[PDB]
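K.L.:
Protein chains in written order, with full-length UniProt numbering: chain A, 2 to 178; chain B, 2 to 116; chain C, 3 to 81; chain D, 1 to 66.
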Amino acid sequence: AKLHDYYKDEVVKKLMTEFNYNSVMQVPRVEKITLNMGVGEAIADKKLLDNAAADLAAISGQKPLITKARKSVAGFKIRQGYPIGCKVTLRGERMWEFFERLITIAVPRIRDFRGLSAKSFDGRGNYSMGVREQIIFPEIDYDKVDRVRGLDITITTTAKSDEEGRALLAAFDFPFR
Amino acid sequence: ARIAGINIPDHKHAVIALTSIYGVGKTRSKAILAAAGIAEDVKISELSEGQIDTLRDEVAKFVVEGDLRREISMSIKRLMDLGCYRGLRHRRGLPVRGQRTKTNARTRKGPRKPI
Amino acid sequence: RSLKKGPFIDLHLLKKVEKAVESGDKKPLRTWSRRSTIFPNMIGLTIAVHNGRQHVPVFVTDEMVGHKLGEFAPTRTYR
Amino acid sequence: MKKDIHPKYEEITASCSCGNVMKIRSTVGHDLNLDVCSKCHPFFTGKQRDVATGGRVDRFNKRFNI
RNA sequence: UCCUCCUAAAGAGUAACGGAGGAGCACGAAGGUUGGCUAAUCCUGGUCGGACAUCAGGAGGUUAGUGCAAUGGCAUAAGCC
RNA sequence: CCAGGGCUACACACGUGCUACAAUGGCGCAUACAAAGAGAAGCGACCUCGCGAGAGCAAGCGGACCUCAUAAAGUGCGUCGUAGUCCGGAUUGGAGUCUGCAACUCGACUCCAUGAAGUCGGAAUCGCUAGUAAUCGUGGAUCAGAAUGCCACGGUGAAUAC
RNA sequence: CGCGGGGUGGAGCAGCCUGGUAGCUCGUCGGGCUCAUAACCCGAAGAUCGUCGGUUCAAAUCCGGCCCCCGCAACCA
Ligand SMILES: [K+]
Ligand SMILES: [Mg+2]
Ligand SMILES: [Mg+2]
Ligand SMILES: [Mg+2]
Ligand SMILES: [Mg+2]
Ligand SMILES: [Mg+2]
Ligand SMILES: [Mg+2]
Ligand SMILES: [Mg+2]
Ligand SMILES: [Mg+2]
Ligand SMILES: [Mg+2]
Ligand SMILES: [Mg+2]
Ligand SMILES: [Mg+2]
Ligand SMILES: [Mg+2]
Ligand SMILES: [Mg+2]
Ligand SMILES: [Mg+2]
Ligand SMILES: [Mg+2]
Ligand SMILES: [Mg+2]
Ligand SMILES: [Mg+2]
Ligand SMILES: [Mg+2]
Ligand SMILES: [Mg+2]
Ligand SMILES: [Mg+2]
Ligand SMILES: [Mg+2]
Ligand SMILES: [Mg+2]
Ligand SMILES: [Mg+2]
Ligand SMILES: [Mg+2]
Ligand SMILES: [Mg+2]
Ligand SMILES: [Mg+2]
Ligand SMILES: [Mg+2]
Ligand SMILES: [Mg+2]
Ligand SMILES: [Mg+2]
Ligand SMILES: [Mg+2]
Ligand SMILES: [Mg+2]
Ligand SMILES: [Mg+2]
Ligand SMILES: [Mg+2]
Ligand SMILES: [Mg+2]
Ligand SMILES: [Mg+2]
Ligand SMILES: [Mg+2]
Ligand SMILES: [Mg+2]
Ligand SMILES: [Mg+2]
Ligand SMILES: [Mg+2]
Ligand SMILES: [Mg+2]
Ligand SMILES: [Mg+2]
Ligand SMILES: [Mg+2]
Ligand SMILES: [Mg+2]
Ligand SMILES: [Mg+2]
Ligand SMILES: [Mg+2]
Ligand SMILES: [Mg+2]
Ligand SMILES: [Mg+2]
Ligand SMILES: [Mg+2]
Ligand SMILES: [Mg+2]
Ligand SMILES: [Mg+2]
Ligand SMILES: [Mg+2]
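1. Using a Cβ cut-off of 9 Å, pull out every chain B residue sitting near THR53/D, in sequence order please.
2. Mind checking which residues open and close the beta strand (DSSP E) that includes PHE61/C?
3. Beta strand (DSSP E) containing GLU32/A: first to last residue?
4. For the 8 Å Cβ check, are there 3 or more pairs between the segment 95 to 108 of chain A and the segment 64 to 82 of chain A?
5. Buried or exposed: which applies to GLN56/C, given that a residue is buried once 16 or more other Cβ atoms fall within 10 Å of its Cβ?
6. Using 8 Å as the cut-off, can you tell me whether the segment 5 to 13 of chain D makes contact with the segment 35 to 52 of chain C, which would need three or more C-beta pairs spanning the two stretches below that distance?
7. Which runs of the alpha helix (DSSP H) spanning at least 4 residues fall entirely within the segment 50 to 111 of chain B, listed in chain order?
8. Can you list, in chain order, the residues of the segment 121 to 155 of chain A whose Cβ is nearer than 7 Å to any Cβ on chain D?
9. Beta-carbon separation of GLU134/A and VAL149/A under 7 Å?
10. Could you pull the start and end residues of the alpha helix (DSSP H) that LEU91/A belongs to?
11. With a CB to CB cut of under 6 Å and the five nearest residues on each side skipped, what residues in its chain are close to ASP6/A?
12. According to the neighbour-count rule (16 or more other Cβ atoms, all chains shown, within 10 Å of its Cβ), is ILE17/B buried or exposed?
13. From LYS72/A to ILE156/A, what does the alpha carbon distance come to, in whole angstroms?
14. In this structure, how does DSSP classify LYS9/A when only helix, strand and coil are distinguished?
15. Output, in sequence order along the chain, the residues in the segment 31 to 57 of chain C whose CB is closer than 9 Å to any CB in chain D.
16. Can you give the Cα-Cα distance for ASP50/D and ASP68/B, rounded to whole angstroms?
17. By the 10 Å Cβ neighbour count, where 16 or more other Cβ atoms means buried, how is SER118/A classified, buried or exposed?
18. Which residues mark the beginning and the end of the alpha helix (DSSP H) in which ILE33/B is found?
19. Excluding five sequence neighbours on each side, which residues of the same chain lie with their C-beta closer than 6 Å to the C-beta of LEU56/B?
20. Could you tell me which of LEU15/C, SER25/C, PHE41/C, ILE40/C sits nearest to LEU31/C, measuring between CA atoms?
21. For the alpha helix (DSSP H) containing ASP50/D, name the first residue and the last one.
22. Under the three-state reduction of DSSP, which class applies to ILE104/A: helix, strand or coil?
23. Among residues of its own chain, excluding the 5 on either side of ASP11/B, which ones have a beta-carbon nearer than 7 Å to its beta-carbon?
24. Taking only beta-carbon atoms, is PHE10/C less than 7 Å away from chain B?
25. Look at the alpha carbon of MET38/A and the alpha carbon of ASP46/A, and state the distance between them as a whole number of angstroms.
26. Along chain B, in chain order, which residues have C-beta atoms closer than 9 Å to that of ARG112/A?
27. In chain B, which residues lie with their C-beta within 8 Å of the C-beta of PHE74/C?
28. Of the residues that make up the segment 21 to 47 of chain D, which ones have a beta carbon closer than 8 Å to any beta carbon in chain B?
29. Measuring CB to CB, does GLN63/A end up less than 7 Å from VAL31/A?
30. Under 8 Å between beta-carbons, which chain D residues line up against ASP54/B? List them in chain order, please.
31. So, does the CB of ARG49/D fall closer than 7 Å to a CB anywhere in chain C?
32. Taking the alpha carbon of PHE74/C as the point to measure from, which residue in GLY88/B, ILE116/B, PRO96/B, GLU50/B has its own alpha carbon closest?
33. Between the segment 51 to 62 of chain D and the segment 40 to 57 of chain A, do three or more beta carbon pairs fall short of 8 Å?
34. Who are the near neighbours of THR102/B in its chain, counting only those whose CB is closer than 8 Å to its CB and skipping five residues on each side?
35. Just to confirm the assignment: which complete alpha helix (DSSP H) runs, minimum length 4, are found wholly within the segment 119 to 172 of chain A?
Structural data, given as structure tokens:
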């Protein structure tokens, strides 16, 4: 709730002056943070996905959905309705709580973090980070995990352009290159 | 047991614990523990948290981990861009310090190949 | 590397460079002194170092300073 | 949210060596200890110190000095 | 022997050693019914992750899907949970 | 006659070595025992500067005196506890030192970081019958500089030979 | 023209008519052994399966055409 109230108390204002918005609803707001973890190696070992889910459930608050394979493909030897990855679609209250914990204490533990890519936008304000390790989040014990399976964070917003959506994140002291 | 970029050892003496940092060897590690005012015989489990924060500022003096990796990667990439004898040596995957390249050179050249 | 008592260049190459730099840019200098280091004043000159059988032109840049001239003229050709 | 199935999402106090005390809510346990934060990380100075590393001509002048 | 398309001349039917394909089962849920859903192919962006696994968006508008051939059908979906 | 370059190239194959793969071992501190040889544009103390290669000032000695020269394995305490490890120390980046007209092709050594292959080796196969094999250091010749080679020297010191 | 069967490391054979797996024996290259060669011993590579298309999540293996190849038939007047 801290970043949530920060948005309303500050930021709501800061963005109004930049793009001379007519109304307060025109300002981009952050909709959902979708944590994906396409484990993939679960074809060989079935438990390996259950280990990844335990890690996502630790990293986020809520428990992840086990995503099925959409179509069968020969390139990786998978079939229709096979559990291939994990996801969490966290939004609302716990979203802002996670979003604080991400930027404020998780990003800084990225190995040799110099600057995050400002050109990593979808052409519609929706940002996508990809973390290499789990260890960067302080929820994982060091002697528990035995495999470097990263996730990828995807911040979805209401902006109609990446330039409009950059300022939104940048206004939360987001480390860009 | 979380200083610099990585350093997470346990059941290991302090001097040998800090060798696990990239950019810190055996002699460098003794200079850290001398300046910090910590005995080399103790281990990180035995140490307290008040002492570990003094090690964090001490290793911050020296260039370590990704600061170092980039400094090395810059210097090698510099040579290759010049097109000097060392640069040609680097990109070709052959030994640089005027070494024998006929019989041995297996570390730089890699394992054996067919003809 | 060797030599703390003055970075080394041949008398003939120093006087040829000082004469070339004061006049202005012209052409590749035929030089056989590979051993000789590179000074800051040499930057801009396209001096031609002897590889063994011919002279290889080398446009001197900001980086090519601490290095020696023979480093930019491979002697043995391979493949 | 669906109760029972999720893990215990309890409040905890983050306290780094810098001095920034900070309450948060996460699935850890009792307390936390951090190295760095959004404040106190060298990215604002890091990029200043990292980019201005090159310099070959002055390095030569520092050896010869004449 | 059986089913689908044409030949078949805009009702039905209509031959040839005419032209093309299928079937001899499957299923206790792949039936019933209430409640919800909506698809291919892209283009972007994204940890390994590649031409293609998973996520996020957009553009698309049924180009899909329908236990099995084809034809006729299917959004109120007969498709998907 | 001369400047460079080359003899040091490198998909690969073999020969001869060295260093390994560790715990009878690795790294630190306490400190004991050799033999032989060398030296005048030589060998170069005590010093004093240096983290260290070394650098200045210079003692003595053409030597049973002076110097290179603390031999190292070896004890004695410590600490790591079988890990690609505090094993290995390759390979590279940076910073240097000496020699030398000159060290990039192409030297040696030093410091710092780096920390590869390698967990005892397929078919084969080699030397060795006692101060020998094994293993530790040591010196000299050629030599401005440049040994893991060569030629010598001594430490500890086995097994086995029906 | 009809009808079965074929076409896979350099050679000859399996794996092919039950869709996801490429073996065997020689030969070749490397190292041993020998005075040397052979024999012998120890390692290593070498085929996207006739070709062009389908079907399929995926084809050496299913189906269709086309190019060689064997075997069988082209009979009564
Ligand atoms: K009729
Ligand atoms: Mg280290
Ligand atoms: Mg070292
Ligand atoms: Mg050499
Ligand atoms: Mg040529
Ligand atoms: Mg009709
Ligand atoms: Mg009709
Ligand atoms: Mg009619
Ligand atoms: Mg009729
Ligand atoms: Mg039929
Ligand atoms: Mg039936
Ligand atoms: Mg049911
Ligand atoms: Mg029904
Ligand atoms: Mg539209
Ligand atoms: Mg359809
Ligand atoms: Mg159809
Ligand atoms: Mg139904
Ligand atoms: Mg339906
Ligand atoms: Mg020779
Ligand atoms: Mg060479
Ligand atoms: Mg040599
Ligand atoms: Mg040996
Ligand atoms: Mg050793
Ligand atoms: Mg030892
Ligand atoms: Mg060691
Ligand atoms: Mg050591
Ligand atoms: Mg003395
Ligand atoms: Mg002395
Ligand atoms: Mg003094
Ligand atoms: Mg001293
Ligand atoms: Mg000296
Ligand atoms: Mg000295
Ligand atoms: Mg004498
Ligand atoms: Mg003496
Ligand atoms: Mg000596
Ligand atoms: Mg003596
Ligand atoms: Mg163990
Ligand atoms: Mg390794
Ligand atoms: Mg180690
Ligand atoms: Mg290995
Ligand atoms: Mg191994
Ligand atoms: Mg042995
Ligand atoms: Mg045998
Ligand atoms: Mg030894
Ligand atoms: Mg010796
Ligand atoms: Mg001598
Ligand atoms: Mg020796
Ligand atoms: Mg085979
Ligand atoms: Mg052979
Ligand atoms: Mg062929
Ligand atoms: Mg299909
Ligand atoms: Mg196949």
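All C-beta atoms, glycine included, are put in the ideal place defined by N, C-alpha and C.
P.N.:
So, to answer that:
1. Within 9 Å Cβ-Cβ: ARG71, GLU72, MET75.
2. 57 to 61 is the extent of the beta strand (DSSP E) around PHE61/C.
3. Residue range 31 to 38 is occupied by the beta strand (DSSP E) that includes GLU32/A.
4. Fewer than three Cβ pairs drawn from the segment 95 to 108 of chain A and the segment 64 to 82 of chain A lie within less than 8 Å of each other, which leaves the two stretches out of contact.
5. The residue in question, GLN56/C, is exposed, as its Cβ has fewer than 16 Cβ neighbours within 10 Å.
6. With the rule of 3 Cβ pairs closer than 8 Å, the segment 5 to 13 of chain D does not count as touching the segment 35 to 52 of chain C.
7. For the segment 50 to 111 of chain B, whole alpha helix (DSSP H) runs of length 4 or above, ordered along the chain, are 50 to 60, 67 to 83, 86 to 93, 107 to 110.
8. Considering only beta carbons, the part of the segment 121 to 155 of chain A lying closer than 7 Å to chain D consists of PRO139, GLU140, in chain order.
9. It is a contact, given that the beta carbons lie within the stated cut-off.
10. DSSP places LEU91/A in no alpha helix (DSSP H) but in the uninterrupted beta strand (DSSP E) bounded by 84 to 91.
11. Close CB contacts of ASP6/A within its chain, under the 6 Å cut and outside five residues either way in sequence, are absent.
12. Label assigned to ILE17/B: exposed.
13. Cα to Cα, the separation comes out at about 26 Å.
14. In the displayed model, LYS9/A falls within a helix according to three-state DSSP.
15. When C-beta distances to chain D are compared with 9 Å, the residues of the segment 31 to 57 of chain C below that value are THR39, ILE40, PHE41, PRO42, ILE45, in chain order.
16. Rounded to whole angstroms, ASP50/D to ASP68/B spans 8 Å at the Cα level.
17. When all chains shown are included, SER118/A counts as exposed.
18. It spans 27 to 37 - the alpha helix (DSSP H) in which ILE33/B sits, taken as one unbroken run.
19. Taken in chain order, the residues that qualify are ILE4, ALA37.
20. The shortest Cα separation from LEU31/C among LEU15/C, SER25/C, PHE41/C, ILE40/C belongs to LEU15/C.
21. Note, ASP50/D: alpha helix (DSSP H), 46 to 51.
22. In the structure shown, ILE104/A adopts helical secondary structure according to DSSP, grouped into three states.
23. Sequence-distant Cβ neighbours of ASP11/B in its own chain, meaning closer than 7 Å and more than five residues away, are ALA2, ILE45, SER46.
24. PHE10/C is outside the set of residues whose beta carbon lies under 7 Å from a beta carbon in chain B.
25. Spanning the two alpha carbons is a distance of roughly 16 Å.
26. Neighbours of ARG112/A on chain B, chain order: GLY6, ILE7, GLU66, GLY67.
27. Ordered by position in chain B, the residues that pass the 8 Å Cβ test against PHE74/C are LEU83, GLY84, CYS85, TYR86.
28. Against chain B - using a Cβ distance shorter than 8 Å - the residues of the segment 21 to 47 of chain D are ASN33, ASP35.
29. No, the pair does not count as a contact, with Cβ atoms beyond the cut-off.
30. Simply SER17.
31. With 7 Å as the cut-off, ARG49/D does not count as an interface residue toward chain C.
32. Considering only alpha carbons, the answer is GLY88/B.
33. Taking 8 Å as the limit for Cβ pairs, the verdict is that the segment 40 to 57 of chain A does not touch the segment 51 to 62 of chain D.
34. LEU95, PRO96, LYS110, listed in sequence order.
35. Taking only runs of at least 4 residues, the alpha helix (DSSP H) segments lying wholly in the segment 119 to 172 of chain A are 163 to 171.
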